[PDB]
Structures are given as C-alpha cells and as structure tokens.
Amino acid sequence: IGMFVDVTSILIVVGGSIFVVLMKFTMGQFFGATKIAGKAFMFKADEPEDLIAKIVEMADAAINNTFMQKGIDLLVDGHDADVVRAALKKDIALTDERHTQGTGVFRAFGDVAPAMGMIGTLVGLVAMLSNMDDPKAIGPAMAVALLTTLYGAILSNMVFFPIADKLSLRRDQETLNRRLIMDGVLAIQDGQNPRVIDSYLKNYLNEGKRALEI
C-alpha cells in the first residue's frame, strides 16, 4: 500500500544500479543477459533421460531440440569428425560463456543495489534531520529512508541473486545436456549399436550437484 511505495526511493535505487552496471556492461550485453534469464525462467531444460531415449530412437533409423537439429542437419551435409567436434565444442563454450556473463550481470546488479539503498537512506536521514525542530512527526520521515534500504535489500536478495543462481543452475544443466548430445551425435556418426553407447552415457550422470540425489 501507499506506505511501502515511494517514487524517489525506487528511482534512486534503480537509477544508481543501472548507472553503475552500465559502467561495466553495454546496453546490448544487458539486454542479452535479460533474454537469457527469461529463457532460463520460462523454459524447462530437456531431461537427460529423454535426450538419451531420443538419441537411441533416432540412431537406428539412420525432433525438438535445436542443438541436435543442427547436429543431424550438419551430419546430413556430410562433414568430418573434426568438423563436428570443433563446431559442437564451440557451441558448448559459447553457451557457457553467455550464461556466465549473464550471471555476472545479475550479480553486479545484486552487489550494487544495497549500496544504492544505503545512499538513499542517507539522503532520507539528511532530509529528515534538516527539518527537525522537534522529534514528533519524524516517523513518516524515517519511513522513506528505511524504504530505500528495504528496496535495496529486496532487490538484492529476492530478485537479482536468485536470477544469477538460476542462471548458474541452467548453465550446469545446459552443459550436461550439450555433452550428452555431442556424445550421442558422435556415436551416431560412427555407426555403433544403440546398446553399447548407453553403457557409458549414464555413467557420469551423477556428476556434481546431482551427487545428492542417489
């Protein structure tokens, strides 16, 4: 309600954070980071088991994910093992780098929001004290300063840092799926049976964060 909303406080916090962030990230970089965050929040990463099932279902014959779309299209084009390896590792590194940079953008935002809140609360306290003949009606004058501090804390702890953490988790999942799809495409190019590759495909599915799931 109207006690928790202040135009000047949100303006100070948002403008200061945007200024400081644009001192290290261009507008295109920030927009790409927001696009990556929206993709990671509104879309679900493909299940590795479903990916393995799709790989083994399409292996014996010789389509939803774009990575395996590109893989099968380029294999149809008929390139070499060095070509497929180079292109797929390049795509993996590219995706990892943009995810890391989006994490950096949102972490810079989360680090700079509470400093802007401190600046805003200092401005509010100065404004309160400059008009204090008697300490009677200074409650609402302090409310705006604590409001700027609260805005900084909320944006830092409940918005920007969770977005960065979700981007990190999405980067991990995307890297795992990319490695799985690369291995499947290499196996299909070689022409092995579907059963032999599945023996080692899921050996390292318990890597890192998933180690607690067993």
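Rigid core: the largest C-alpha set superposing within 1.5 Å between the two forms. One-based numbering along the sequence shown.
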Problem set entry | Segment of greater CA departure in 5 other deposited structures of this protein, 53-61 or 34-42, core superposed | 53-61
Exercise. Relative to the presented form, and with the rigid core used for superposition, do the C-alpha atoms of 193-201 or of 12-20 deviate more in 5 other deposited structures of this protein?
Worked result: 193-201
Exercise. Quick one: is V5 left out in at least a third of the other entries we compared?
Worked result: yes
Problem set entry | Residues of the deposited sequence that sit between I63 and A62 yet are not modelled | 10 or more
